[PDB]
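This document starts with one chain, in the form deposited in one PDB entry, laid out as structure tokens.
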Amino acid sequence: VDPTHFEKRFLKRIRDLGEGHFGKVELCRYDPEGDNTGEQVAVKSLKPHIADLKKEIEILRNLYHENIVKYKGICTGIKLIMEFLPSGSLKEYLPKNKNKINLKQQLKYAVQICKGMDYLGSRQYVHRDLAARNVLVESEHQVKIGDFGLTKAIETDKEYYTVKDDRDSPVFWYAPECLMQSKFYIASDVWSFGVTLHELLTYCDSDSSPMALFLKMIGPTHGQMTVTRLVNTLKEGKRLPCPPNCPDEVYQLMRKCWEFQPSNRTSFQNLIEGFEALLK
């Protein structure tokens, strides 16, 4: 018996956790005894991309970090089995838990996301989808990167992966090089982290989301010209505003994520040092 091979007949669906465009995550109980005593697991499957899910499974199987969701196995068509984190995504958790989470805890979550991302970068991978909706809450003290659906390998001595299909792109979290040439560097993930940090600091408020704020900056009636207008505004040096009640020193670290050139752009190691200095 392979402990990473889950039989479909014992995988009992409890409820949906969330869904994207092509995939969904469900809470299941892996119950081989048939008495509802088995382990609860999160199960990722595609909506009725198969090649892309198989590649994602192999990436997650080889990632081992305290701030990266734990791979548990597969159910072979294929389903990805992972550990279940009851508090859900940061996007759902933060609006309901503002009383429990203060600035100090937000900065500790920030460090933890940087550590998981720095580990991913060390394994030569680029995430391409770093947003609060992809960060999971293990407890009020810990977060983990919880999805690798768009993750791609960066070639040795190369700075980037060349994206062919831009159709599932979160453009309001994307660096200018991603928008203009679909060039994905580890530096492009640092840009997206800065956007995720803005979300975390606003408690993932929908009205102050990166999409809502950029649309107010560029105008919301540009239709197919929207990304072009977003590129123009970023070239002008305009950036997302400072979250209410966010100290200028934290906003300054955020601004360093948004240096136009993917060179004036810092590393995750550099950001960790910044946040730790603010925590002491």
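The numbering used is simple: start at 1 and walk along the sequence shown. Each form is matched to the other, and the largest set of C-alpha atoms that superpose within 1.5 Å is called the rigid core.
Taken in 9 other deposited structures of this protein and fitted on the core, 151-159 and 67-75 differ in how far their Cα atoms move from the shown form, and the one that moves more is 151-159. In 9 other deposited structures of this protein, superposed by the rigid core, the C-alpha atoms of 9-17 lie farther from the shown form than the other of 9-17 and 268-276. Where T76 is followed by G77 in the displayed chain, the model omits 4 to 9 of the deposited residues that sit between the two.
Stretch comparison (35-43 versus 65-73) by mean CA B-factor in the PDB entry places 35-43 on top. Of the two segments examined, 147-155 and 112-120, it is 147-155 that shows the higher average Cα temperature factor in the deposited entry. As recorded in the entry, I50 carries the highest CA temperature factor of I50, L213, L234, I59. When the modelled residues of the chain are ordered by C-alpha B-factor, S89 sits in the lowest third. Residue-level temperature factors show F172 in the lowest third of its chain, judged at the C-alpha atom. For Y161, the recorded CA temperature factor ranks within the highest third of the chain's modelled residues. Sorting the modelled residues of the chain by their CA temperature factor places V227 in the middle third. Annotation for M254: CA B-factor lies in the middle third of the chain's modelled residues.
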